[PDB]
Structures are given as structure tokens and as C-alpha cells.
Amino acid sequence: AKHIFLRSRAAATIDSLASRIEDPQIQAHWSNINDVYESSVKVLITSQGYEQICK
Amino acid sequence: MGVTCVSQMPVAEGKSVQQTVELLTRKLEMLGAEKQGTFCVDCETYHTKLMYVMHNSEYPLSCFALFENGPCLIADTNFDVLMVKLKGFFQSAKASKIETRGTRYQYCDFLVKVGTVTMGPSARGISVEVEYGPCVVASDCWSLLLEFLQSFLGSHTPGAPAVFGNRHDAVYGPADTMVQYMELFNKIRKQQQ
Amino acid sequence: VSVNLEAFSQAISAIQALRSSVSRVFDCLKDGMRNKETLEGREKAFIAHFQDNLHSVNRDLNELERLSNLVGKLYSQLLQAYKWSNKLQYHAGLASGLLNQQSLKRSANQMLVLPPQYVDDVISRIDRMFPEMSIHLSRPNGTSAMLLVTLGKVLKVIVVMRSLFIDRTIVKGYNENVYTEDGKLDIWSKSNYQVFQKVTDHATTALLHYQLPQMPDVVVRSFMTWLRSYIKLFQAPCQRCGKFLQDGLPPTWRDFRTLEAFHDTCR
Ligand SMILES: [Zn+2]
């Protein structure tokens, strides 16, 4: 229950980030294989036009 | 398991046996190492062929049974049940309580078993033992243990253990450290005092 | 053999340098005098240059014998068609260029399926050398391949791939049950060691460092080459702080493009 609630809270934070800040861009990606307790997610906040340079 | 260095240091003209032990512990507290509890290694000999039927508090299930120089049986409880039945092939040979009693300390996965040596009730020595956890292969990390020895011992810094002469590239075994302990017991039992 | 054929070069140059230097000794003393205003700037320079050229001859003579000590020891028509194939090897190096890997890439924005046997052929190419390490490929869960690697008597590593690309990599020691109770490879766990957990972060930074958008084979090859330096762990001191232990930690962090053990503080 704590794992599900904490994932929901992280989703709430990233949704606040997405709705509040659309300036550079927002990207959220999740691992297709997951554990019962711990997860691994990827968060990207990269600029609008020249993302391929700022790696 | 991990690579171990075992040695003696005497009273060394300062007060008593445990004064230098307390000096080492306060030096380690200056470094700031936490404890993990206590430890004691107890020995007992038997003969008809000298049987070293011996124990360690780190692994109480590990009942060590050695010759004078042959193979070692790190055996279970039922071996101790079988050992009683002979009594004529292998006599008791009492009064062999040469023990090392002390405490263990931890500093960032580093372990120290430091204490004093007693012939039962009477303490006549100081056992110094340093070790590291993840030391899987032997004779590859002796620079680390030498640096650790010169870090806080100062005087009486040892080197070149007897089981290091037993050169092999496999995993270090608790029998090696155990061997070192019985060689330590042979070193201390001669002087008595 | 070519060690003597290239060690002879210094001596065959040194004897001609001896001839040239003794010719200089002859003609500079034979040149007479060039006063250049003051005499004290000439006559005191006379002994200076007379020591200079004679001592140059002397040192040339001297370095001759230390090179001489180290050294040791249809008829011509079809010989001409032999070495041209050997200079064609230089002709192969003629069009190489030093531009190499580095390019001038801009943003890649405008204005797939591969069999697992290809992954097996990929992993068979580099496992053939480095016999001290082993590779055990397995797919008990889907077509994705996760591999067991033993490193002599030191390390046991699980290396998970997915979609022919990298998924994950976890390293443990040599005396632990890397399998589960069922016998399958463990997926989600921890190494239960401070140094190992510390260097798993370095591994995660390294996998996001080797970035090839099309060619992940060199990514994983550079990754395992980087990992090959980690069989020297607990055996090499740090390159800047001298001692092994930085707050009790031996050097582990190999720098990018320069593989030598460091710490986070040691950079
Ligand atoms: Zn360092």
C-alpha cells in the first residue's frame, strides 16, 4: 500500500510539474518490468529545440 | 573467509596487560569504530596423536578437530556426540584452556577482534587480530592489512603470517585464520609466565 | 628481426655526426676570429666555443659506445615485385586520416526487429578471448537475455539486456547465491556491500555515458572493457592520494577515456 501510494504521490508531483511547467518540455517514462517494492523511472526536462546537443 | 592477520604484543613496559588494550581501544575511538559484540577462542587438546578439539565463539556450530599437522574437520554437533564414545583410542588430556577473549569492532566493513590471552583464569598476553570482510581471494590484499596495522598499532606491527606461506589462489578459508589462531596458541603456551 | 635494424640507426647517424662535428671543430678553429665589437665578448667566448665543439665531439664519441654495446648481430629482378604488396599496407594507411570518431553533429530532428540469435552472435564475438571471465547466456523470462558472469575468483555479475539494448547490471562477490531458492537468476536485490553498492552507481553513470544512437555493440564492449579494469580491485592504490583508503574506501572510480582507479573525492 505504501509502494502504491508513493508511486501515486510521485505521479502527482510529476503531473504538477507537467501542468505547471510546459516550458522546456516534460517527459516521463517507466520501466516495463517492475518489482513489488522498488521501481525505476526516467524523468526528462530538456529544452524545446536543441535537445540532441544538451545530453 | 576474509584475510586475517594474527599476532601477539606484550605488556610492553606499560602498566598491565589490559592497559595497552585500552590504549588501542581509545585510539580506535579516536578513529571512531563501532562495536559488534565480543569474541573468544577456546582450545583443548587430546591424545592417544595430538587431537586439537577446539572451538570459536564467532561460529559456535563450527567444532574444529585437527591433528598436530594433518587434516581439519570443521564438523557439527553430532561429531561431538561420536567423539565421546572412544575414550580409549583418544584420551581426554585435560588442562588445555588456552583462550583469547575480547571484543570486536567495525569501521566501514572493517572488522577487528582485539583482546587478551589467558591460560584459563590468568591473563598472560594480548591477542591482536585484524581482518576485512570482502577479502575473497588470499594473498592479494596484504597491502591493505599492512596499512591498517601501521595505522593504529604503532609499535609491534606484525607481518607475513604463517598461512600466507600456504600460497593458493582460491578463496581464503576460515581454516587459515583458525590455523593462525592455533599457531598463536603455540606462540603463547611456551612462555606461560 | 628489427630491434637491431632500428638500434643501428642511432650508431649510423652518430658516426656521421662525429664526422660533421669534427669538421666543425676543424673549421671553427680555422675560421680565425669574429670580434663583434668588444674583445671580452670574443676572447672569453673563444674558450667557451672551443670547449663547446670539442665536448660535443667527446659526448658524440661517448654515446657511440653505449649504442654499440646494446646492439648485436632473376637474381634481383623478381625482388621488385615483392615489396610493393608490403607498401600497399602503407597505402591502406594513406587514406585513413586522423578525423576518426569525432564529428560535427547538430540536432538530429528533421526540418527494427532483430532475432535473439543475432544477440548470441554478438556475445560470441567478445567472449572468445579474456578466458579469466565467463559468460552464461540465458532467457528464462521472455526473449530478453540476462547473463551470468564469473570473474576468476572475485566477482559474480548479472547483466540483463532487453530489446537487444542494455537493461541492467548488478555485481556481487564470489561466495553468494546469485540464484534464487527456485534456481532462477535474481532480478531485484542488492549487493549487500558498501563498496559494491557504491560502484553500482558508477556503473549506472557509465552506461548512460557510452551513448551510441545506432551501435550498442561498441557500447557494451566498452562497458565490459571498463569492467575488465575492475579485476584489479583491492590491488592498486589511488593515483593522487597515494593511500588506498579514502575514508576507508579503496580507489574504484575509473575515469572516462582514462581507466585508472579513483574515488568520488579523487575524481
Ligand atoms: Zn584516492
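Residues in the stretch C:66-80 that are assigned to a helix (DSSP H, G or I) and exposed (fewer than 11 other Cβ atoms within 10 Å of the Cβ): C:66, C:69, C:78, C:79, C:80. Within the stretch A:1-26, residues that are under 18 Å from residue A:42 (Cβ atoms) have Cβ atoms under 6 Å from residues that are polar (S, T, N, Q) and surrounded by 13 or more Cβ atoms within 10 Å (Cβ to Cβ) in these pairs: A:24/A:46, counting only partners at least 6 apart in sequence or on another chain. Quick one: would you say residue C:222 is out of contact with any strand residue (DSSP E or B) (no Cβ under 9 Å at 6 or more places or on another chain), assigned to a helix (DSSP H, G or I) and either among the basic types (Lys, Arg) or within 16 Å of the ligand (Cβ to nearest atom) (or both)? No, not satisfied.
So, residue C:202, is that one within 16 Å of the ligand (Cβ to nearest atom) and not charged (D, E, K, R) or not? It is true that residue C:202 is within 16 Å of the ligand (Cβ to nearest atom) and not charged (D, E, K, R).
Scan the stretch C:151-161 and give yes if some residue there is surrounded by fewer than 17 Cβ atoms within 10 Å (Cβ to Cβ), closer than 19 Å to residue C:252 by Cα and not basic (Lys, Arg), otherwise no. Yes, because at least one residue in the stretch C:151-161 is surrounded by fewer than 17 Cβ atoms within 10 Å (Cβ to Cβ), closer than 19 Å to residue C:252 by Cα and not basic (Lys, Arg).
Considering the conditions (1) more than 10 Å from every other protein chain (Cβ to nearest Cβ); (2) over 19 Å from residue C:162 (Cβ atoms), residue A:30 is excluded by exactly one of them, (2).
Has the stretch C:190-213 got any residue that is assigned to a loop (DSSP other than H, G, I, E, B), within 14 Å of chain B (Cβ to nearest Cβ) and more than 19 Å from residue B:109 (Cβ to Cβ)?
no
Please indicate, with yes or no, whether at least one residue in the stretch C:126-141 is of a type in the set (S, T, N, Q), closer than 30 Å to residue C:186 by Cα, in contact with a strand residue (DSSP E or B) (Cβ under 9 Å, 6 or more places away or on another chain) and within 14 Å of chain A (Cβ to nearest Cβ). Yes, the stretch C:126-141 contains at least one residue that is of a type in the set (S, T, N, Q), closer than 30 Å to residue C:186 by Cα, in contact with a strand residue (DSSP E or B) (Cβ under 9 Å, 6 or more places away or on another chain) and within 14 Å of chain A (Cβ to nearest Cβ). In the stretch C:104-125, the residue that is farthest from residue C:180 (Cα to Cα) out of those that are in a loop (DSSP other than H, G, I, E, B) and either within 32 Å of the chain's Cα centre (by Cα) or within 14 Å of chain A (Cβ to nearest Cβ) (or both) is C:111.
Checking each residue in the stretch C:224-251 for being in contact with a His (Cβ under 7 Å, 6 or more places away or on another chain) and more than 10 Å from chain B (Cβ to nearest Cβ) picks out C:238, C:246, C:251. Screening residue C:217 with (1) more than 25 Å from residue C:102 (Cα to Cα); (2) in a helix (DSSP H, G or I) gives one miss only, at (1). Could you list, in sequence order, the residues of the stretch C:217-256 that are surrounded by fewer than 18 Cβ atoms within 10 Å (Cβ to Cβ) and over 19 Å from the mean Cα position of the chain (by Cα)? Those that are surrounded by fewer than 18 Cβ atoms within 10 Å (Cβ to Cβ) and over 19 Å from the mean Cα position of the chain (by Cα): C:217, C:235, C:237, C:240, C:241, C:242, C:243, C:246, C:247, C:248. Residues that are in a loop (DSSP other than H, G, I, E, B), under 23 Å from residue C:126 (Cβ atoms) and more than 9 Å from the ligand (Cβ to nearest atom): does the stretch C:233-240 have at least one? Looking through the stretch C:233-240, at least one residue is in a loop (DSSP other than H, G, I, E, B), under 23 Å from residue C:126 (Cβ atoms) and more than 9 Å from the ligand (Cβ to nearest atom). Among the residues of the stretch C:175-213, which ones are crowded, with 16+ Cβ neighbours inside 10 Å and of a type in the set (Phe, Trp, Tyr)? The answer is C:193, C:196, C:210.
Looking only at residues of the stretch C:256-267 that are within 12 Å of the ligand (Cβ to nearest atom) and not aromatic (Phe, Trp, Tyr), we find that the one that is farthest from the other protein chains (Cβ to nearest Cβ) is C:267.
No Cβ is skipped: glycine too gets one built from the backbone with ideal geometry, and neighbour counts run over all protein chains shown. Read-outs: derived from the displayed coordinates by stated rules, not from any lab.
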